[PDB]
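Down below is the structure, laid out as structure tokens.
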Amino acid sequence: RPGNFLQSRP
Amino acid sequence: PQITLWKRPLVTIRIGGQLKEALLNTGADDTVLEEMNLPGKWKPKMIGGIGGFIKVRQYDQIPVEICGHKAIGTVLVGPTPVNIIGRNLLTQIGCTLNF
Amino acid sequence: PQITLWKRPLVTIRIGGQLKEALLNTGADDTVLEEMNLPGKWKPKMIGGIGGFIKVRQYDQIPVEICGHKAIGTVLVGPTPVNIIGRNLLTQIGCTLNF
């Protein structure tokens with residue numbers, strides 16, 4: 001299950 | 001409002017005239033929404049997450065209403081598993097983490 | 001304390017006798033730390049996000065100190081680009097989102 005939505009740009 | 005974390009911090013947002021559910025995500029620099037059509041010119045971009053990088057479409061100066069509060073900024077659209085409201089817009093509505 | 005979101009919400013944590021910087025991520029259900037050797041039994045697990053899934057090792061009942069606040073719970077270990085403190089541990093220190 002998708003549960004960790006870390007996000008950032010290059 | 002004060003939102004506890006026993007459950008996912010989901011809120012309703014209004015964008016492009018539609019209502020969508022989104023996660024207040026302090027772990028994302030940007031705001032990423034699932035595939036959808038937004039007006040205006042868009043440019044290709046790439047963002048990274050826990051399982052790699054993906055291609056998205058960047059839309060600038062897009063008005064978004066998060067749980068009532070108004071924000072206007074950059075919105076990325078692409079194959080994200082859930083709609084995410086990142087720090088770029090969370091700062092605009094005065095959101096902070098408290099404990 | 002009150003943490004603004006102008007920059008990534010990084011804080012110092014203590015685990016297994018080590019101090020590390022971890023991102024307070026209301027967008028993560030669990031806590032995932034970058035590869036580190038922790039004693040004890042673990043179970044294989046897959047977690048996903050933007051870009052896809054990664055394989056991690058799950059440890060239970062691990063004591064962790066987040067900015068002086070004591071917490072104890074599950075910690076996942078794997079190739080994550082950054083240390084992440086998720087909701088499972090944030091609820092323990094009474095962390096809330098406010099706006």
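Please note that chains go A, B, ... in the order of the structure tokens, that every chain numbers its residues from 1, and that ligands are numbered from 1 in the order shown.
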What does chain B look like once superposed on chain C, all Cα atoms paired in sequence order, least squares? Give it as an mmCIF file with C-alpha atoms, in the first residue's frame.
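The result, written out as superposed_29.cif:
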data_model
loop_
_atom_site.group_PDB
_atom_site.id
_atom_site.type_symbol
_atom_site.label_atom_id
_atom_site.label_comp_id
_atom_site.auth_asym_id
_atom_site.auth_seq_id
_atom_site.Cartn_x
_atom_site.Cartn_y
_atom_site.Cartn_z
ATOM 1 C CA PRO B 1 7.557 23.961 19.719
ATOM 2 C CA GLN B 2 5.894 25.677 16.762
ATOM 3 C CA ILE B 3 7.507 24.919 13.416
ATOM 4 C CA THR B 4 6.816 27.035 10.323
ATOM 5 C CA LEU B 5 7.201 25.607 6.841
ATOM 6 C CA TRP B 6 9.313 28.156 4.948
ATOM 7 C CA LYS B 7 12.001 25.505 5.296
ATOM 8 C CA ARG B 8 11.948 21.708 5.492
ATOM 9 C CA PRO B 9 10.756 20.611 8.959
ATOM 10 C CA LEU B 10 14.016 18.910 9.950
ATOM 11 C CA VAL B 11 14.678 17.836 13.525
ATOM 12 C CA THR B 12 17.346 15.848 15.305
ATOM 13 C CA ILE B 13 16.317 12.439 16.581
ATOM 14 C CA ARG B 14 18.119 9.931 18.758
ATOM 15 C CA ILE B 15 17.792 6.247 17.967
ATOM 16 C CA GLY B 16 19.880 3.193 18.791
ATOM 17 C CA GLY B 17 22.198 5.649 20.523
ATOM 18 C CA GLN B 18 22.925 7.704 17.397
ATOM 19 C CA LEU B 19 21.899 11.218 16.409
ATOM 20 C CA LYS B 20 20.254 11.644 13.030
ATOM 21 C CA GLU B 21 18.431 14.347 11.133
ATOM 22 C CA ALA B 22 14.829 13.632 10.165
ATOM 23 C CA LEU B 23 11.896 15.273 8.453
ATOM 24 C CA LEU B 24 8.560 15.608 10.295
ATOM 25 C CA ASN B 25 6.419 14.234 7.491
ATOM 26 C CA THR B 26 2.620 14.364 7.821
ATOM 27 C CA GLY B 27 2.451 12.729 4.380
ATOM 28 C CA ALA B 28 3.918 9.418 5.525
ATOM 29 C CA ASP B 29 1.934 6.801 7.444
ATOM 30 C CA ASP B 30 5.129 5.225 8.732
ATOM 31 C CA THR B 31 8.595 6.207 9.882
ATOM 32 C CA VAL B 32 11.375 5.321 7.421
ATOM 33 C CA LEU B 33 15.100 5.633 8.060
ATOM 34 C CA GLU B 34 18.065 5.218 5.746
ATOM 35 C CA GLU B 35 20.022 1.958 5.840
ATOM 36 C CA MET B 36 21.485 1.358 9.322
ATOM 37 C CA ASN B 37 21.754 -1.436 11.874
ATOM 38 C CA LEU B 38 19.109 -1.822 14.530
ATOM 39 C CA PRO B 39 19.017 -4.688 17.045
ATOM 40 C CA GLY B 40 16.185 -7.193 17.255
ATOM 41 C CA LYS B 41 14.370 -9.330 14.721
ATOM 42 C CA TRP B 42 13.299 -7.679 11.487
ATOM 43 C CA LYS B 43 10.854 -8.767 8.793
ATOM 44 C CA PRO B 44 10.769 -7.785 5.086
ATOM 45 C CA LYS B 45 8.074 -5.323 4.022
ATOM 46 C CA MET B 46 7.204 -3.129 1.074
ATOM 47 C CA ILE B 47 6.069 0.484 1.142
ATOM 48 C CA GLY B 48 4.994 2.887 -1.556
ATOM 49 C CA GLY B 49 5.933 6.439 -2.301
ATOM 50 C CA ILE B 50 5.734 8.947 -5.131
ATOM 51 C CA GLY B 51 8.042 7.038 -7.480
ATOM 52 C CA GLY B 52 7.088 3.442 -6.783
ATOM 53 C CA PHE B 53 7.523 0.759 -4.135
ATOM 54 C CA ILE B 54 10.633 -0.278 -2.225
ATOM 55 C CA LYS B 55 11.688 -3.088 0.104
ATOM 56 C CA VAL B 56 12.425 -2.259 3.722
ATOM 57 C CA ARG B 57 13.175 -3.968 7.037
ATOM 58 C CA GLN B 58 10.569 -3.581 9.794
ATOM 59 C CA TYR B 59 11.667 -3.255 13.423
ATOM 60 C CA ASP B 60 8.995 -3.211 16.155
ATOM 61 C CA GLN B 61 8.900 -1.401 19.515
ATOM 62 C CA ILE B 62 11.967 0.762 18.851
ATOM 63 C CA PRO B 63 12.529 3.717 21.206
ATOM 64 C CA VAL B 64 13.031 7.036 19.425
ATOM 65 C CA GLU B 65 13.545 10.516 20.818
ATOM 66 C CA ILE B 66 12.290 13.279 18.533
ATOM 67 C CA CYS B 67 13.472 16.725 19.555
ATOM 68 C CA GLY B 68 13.371 15.654 23.186
ATOM 69 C CA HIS B 69 9.980 13.898 23.119
ATOM 70 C CA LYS B 70 9.894 10.149 23.659
ATOM 71 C CA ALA B 71 8.153 7.633 21.393
ATOM 72 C CA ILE B 72 8.310 3.839 21.035
ATOM 73 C CA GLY B 73 7.051 2.206 17.877
ATOM 74 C CA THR B 74 7.615 0.701 14.457
ATOM 75 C CA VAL B 75 10.600 1.871 12.443
ATOM 76 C CA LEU B 76 11.195 0.903 8.811
ATOM 77 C CA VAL B 77 14.737 0.889 7.449
ATOM 78 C CA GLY B 78 15.630 0.979 3.773
ATOM 79 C CA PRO B 79 16.718 2.968 0.684
ATOM 80 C CA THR B 80 14.741 6.138 1.448
ATOM 81 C CA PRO B 81 16.310 9.400 0.197
ATOM 82 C CA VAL B 82 15.856 11.183 3.563
ATOM 83 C CA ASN B 83 15.014 10.088 7.110
ATOM 84 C CA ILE B 84 11.298 10.410 7.703
ATOM 85 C CA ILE B 85 9.212 10.579 10.861
ATOM 86 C CA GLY B 86 5.679 9.591 9.905
ATOM 87 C CA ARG B 87 2.283 9.761 11.581
ATOM 88 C CA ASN B 88 2.822 6.583 13.606
ATOM 89 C CA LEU B 89 5.355 8.470 15.779
ATOM 90 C CA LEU B 90 4.057 12.024 15.291
ATOM 91 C CA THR B 91 0.858 11.017 17.051
ATOM 92 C CA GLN B 92 2.884 9.734 19.990
ATOM 93 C CA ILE B 93 4.523 13.123 20.598
ATOM 94 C CA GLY B 94 1.218 14.967 20.305
ATOM 95 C CA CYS B 95 2.045 16.671 17.023
ATOM 96 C CA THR B 96 -0.760 18.476 15.134
ATOM 97 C CA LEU B 97 -1.132 20.749 12.092
ATOM 98 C CA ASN B 98 -2.436 24.234 12.823
ATOM 99 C CA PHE B 99 -3.475 27.205 10.693
#
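The list of chain A residues within 7 Å of chain C is residues 1, 2, 3, 4, 5 and 6 of chain A; this uses only C-alpha atoms.
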For the residues in the current selection, export N, CA, C and O atoms as a PDB file, in the first residue's frame.
ATOM      1  N   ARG A   1       0.834  -1.236   0.000  1.00  0.00           N
ATOM      2  CA  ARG A   1       0.000   0.000   0.000  1.00  0.00           C
ATOM      3  C   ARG A   1       0.857   1.270   0.000  1.00  0.00           C
ATOM      4  O   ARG A   1       1.844   1.369   0.734  1.00  0.00           O
ATOM      5  N   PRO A   2       0.497   2.253  -0.846  1.00  0.00           N
ATOM      6  CA  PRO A   2       1.222   3.525  -0.950  1.00  0.00           C
ATOM      7  C   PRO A   2       0.970   4.312   0.333  1.00  0.00           C
ATOM      8  O   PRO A   2      -0.161   4.713   0.593  1.00  0.00           O
ATOM      9  N   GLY A   3       2.010   4.538   1.129  1.00  0.00           N
ATOM     10  CA  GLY A   3       1.806   5.250   2.376  1.00  0.00           C
ATOM     11  C   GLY A   3       2.835   6.283   2.777  1.00  0.00           C
ATOM     12  O   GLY A   3       2.713   6.870   3.846  1.00  0.00           O
ATOM     13  N   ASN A   4       3.843   6.516   1.943  1.00  0.00           N
ATOM     14  CA  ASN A   4       4.873   7.500   2.267  1.00  0.00           C
ATOM     15  C   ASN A   4       5.053   8.471   1.104  1.00  0.00           C
ATOM     16  O   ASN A   4       5.746   8.176   0.124  1.00  0.00           O
ATOM     17  N   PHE A   5       4.467   9.652   1.223  1.00  0.00           N
ATOM     18  CA  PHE A   5       4.542  10.600   0.129  1.00  0.00           C
ATOM     19  C   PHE A   5       5.579  11.704   0.159  1.00  0.00           C
ATOM     20  O   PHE A   5       5.285  12.871  -0.101  1.00  0.00           O
ATOM     21  N   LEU A   6       6.808  11.317   0.474  1.00  0.00           N
ATOM     22  CA  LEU A   6       7.920  12.243   0.463  1.00  0.00           C
ATOM     23  C   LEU A   6       7.958  12.799  -0.966  1.00  0.00           C
ATOM     24  O   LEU A   6       7.641  12.085  -1.925  1.00  0.00           O
TER      25      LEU A   6
END
